[PDB]
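To start, the structure under review is shown below, and the notes come after it.
2 protein chains.
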Amino acid sequence: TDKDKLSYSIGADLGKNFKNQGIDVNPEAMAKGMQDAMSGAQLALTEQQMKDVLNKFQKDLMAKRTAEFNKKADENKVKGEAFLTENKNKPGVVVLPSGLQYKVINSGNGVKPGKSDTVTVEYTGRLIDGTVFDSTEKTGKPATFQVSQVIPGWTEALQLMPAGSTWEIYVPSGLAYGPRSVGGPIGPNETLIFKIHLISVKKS
Amino acid sequence: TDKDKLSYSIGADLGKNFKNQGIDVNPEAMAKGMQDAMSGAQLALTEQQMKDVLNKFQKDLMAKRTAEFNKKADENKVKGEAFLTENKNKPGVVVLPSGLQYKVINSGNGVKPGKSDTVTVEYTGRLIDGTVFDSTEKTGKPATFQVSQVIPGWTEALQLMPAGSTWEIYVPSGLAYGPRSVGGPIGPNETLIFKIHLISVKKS
Ligand SMILES: [Zn+2]
Ligand SMILES: [Zn+2]
Ligand SMILES: [Zn+2]
Ligand SMILES: [Zn+2]
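Protein chains in written order, with the entry's author numbering: chain A, 9 to 212; chain A', 9 to 212. A prime marks a further copy of an entry chain.
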């Protein structure tokens, strides 16, 4: 029946998650507790008891995540440097003192923005694996930022770009979000790629 | 074993939650999905399929919450008015045009704050059932607010209180948080009680 239908779905949903993480269990004793709970029956474990163990489960989960995080970080830095080394050679790529690299898609003729100016742009940011994490295409509307409020790579690139230009920049993690990053698709020590079209400079 | 131990705890934890809410299920088909998932076996339902039904489960959950919310709201207003009606009589209670009620614990002799002044106070806010939702006792440190940035009942009361006084105010929901309130311990149309000690007035 409709009941039977959903129940499976929820558990299928749940069960995957656990596994994918690190929750090594036995759905038999686990199915047991569920029935106790719903039947409002007396629980095989003291409120305290459970909490005591759950509290230890999370603490150990936290340890696990931190493990992955620090491992991902070391991994992405390694991948990040391989990408840039590989890219340094590619046709049209210029490498700057800061390690920031760019390739000119189309050169503009307007003024280059200063450190304090406001800029209007259109862009798409992607990870080395093509995954798009941000872009003005979705919103269909250009973005406006103050040159100094953006990530270092952008700050470094914009000061070199004539208004009207379209560059593709390749950003070392130290010039993007760095070792930290419990944010969106961007992880720790992730090197990023951006296609940036600088529309105009507001020397405000 | 240690495994068996935890598994139960998690499921006991989970199972309660569902029940307490409205998730009428059968932990048998639900235990089934969990095993499929972990064994990485082929799932009895198409990725789509499950989502299709889960998406419908939440939407129906949302309907359920909204149900409770609106019901709680009508309930708390009724309780709120019974409390104030009962309280209007009690020794020392003054009822104001706005329905706000207060009782003077101890009268100060300083100046009464104006609408724009900053005030320094110590206080404890509780629901009609004694549940404390806020207080400066916990932090051990007085709070400072601008008379107009606080809830109406407070704004109404403070303008009447001589600096140094300690009043207990009984606040109609329309002068506290009103019909809205997906916040802390405070729900919809909840009438509140406060013990407020006005320490000083900064006629800033
Ligand atoms: Zn365009
Ligand atoms: Zn353009
Ligand atoms: Zn005190
Ligand atoms: Zn005092």
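Ideal Cβ placement from N, Cα and C applies to all residues, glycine included.
Check, Outcome
"Going along the segment 27-44 of chain A' in order, which residues come within less than 9 angstroms of chain A, judged by CB to CB distance?", "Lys27, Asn28, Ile31, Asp32, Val33, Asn34, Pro35, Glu36, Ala37, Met38, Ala39, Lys40, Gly41, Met42, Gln43 and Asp44"
"Rank A':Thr74, A':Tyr131, A':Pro105 and A':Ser156 by C-alpha distance to the C-alpha of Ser212 (chain A') and give the top, closest one.", "A':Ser156"
"Report buried or exposed for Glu198 (chain A'), applying the criterion of at least 16 other Cβ atoms within 10 angstroms of its Cβ.", "buried"
"Between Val103 (chain A') and the rest of its own chain, which residues show a CB-CB distance below 7 angstroms, the 5 nearest in sequence each way excluded?", "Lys96 and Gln109"
"Kindly indicate which three-state DSSP category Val86 (chain A) falls into: helix, strand or coil?", "helix"
"Please write down, chain order preserved, every residue whose beta carbon lies under 6 angstroms from a heavy atom of ligand 4.", "A':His205 and A':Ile207"
"Going by C-alpha distance, which of A:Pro170, A:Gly172, A:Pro193 and A:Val158 is nearest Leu183 (chain A)?", "A:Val158"
"Hey, would you say the C-beta of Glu130 (chain A') is under 7 angstroms away from at least one heavy atom of ligand 6?", "Although ligand 6 was asked about, the structure shown includes only ligand 1, ligand 2, ligand 3 and ligand 4 as ligands."
"With a cut-off of 8 angstroms, do at least 3 Cβ pairs link the segment 32-49 of chain A' to the segment 15-35 of chain A?", "yes"
"Going by C-alpha distance, which of A':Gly118, A':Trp162 and A':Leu14 is nearest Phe202 (chain A')?", "A':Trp162"
"Any idea if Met42 (chain A') is buried or exposed, counting beta-carbon neighbours within 10 angstroms, 16 or more meaning buried?", "buried"
"What are the partner residues of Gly41 (chain A), as DSSP defines its beta bridges?", "Per DSSP, none; premise fails for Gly41 (chain A)."
"Does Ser124 (chain A') pass the burial test, meaning 16 or more other C-beta atoms within 10 Å, or should it be called exposed?", "exposed"
"What are the complete beta strand (DSSP E) segments, minimum 3 residues, inside the segment 60-128 of chain A?", "101-103 and 109-114"
"Mind checking whether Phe141 (chain A') and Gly192 (chain A') have CB atoms under 8 angstroms apart?", "yes"
"Could you give the first and the last residue of the continuous alpha helix (DSSP H) run that contains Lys149 (chain A)?", "Where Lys149 (chain A) is concerned, there is no enclosing alpha helix (DSSP H), given that its DSSP letter is neither H nor E."
"For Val155 (chain A'), which of helix, strand or coil comes out of DSSP?", "helix"
"Using the beta-carbon of each residue, which ones in chain A are nearer than 7 angstroms to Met58 (chain A')?", "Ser17, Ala20 and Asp21"
"What are the residues that DSSP puts in a beta bridge with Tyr131 (chain A')?", "A':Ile204"
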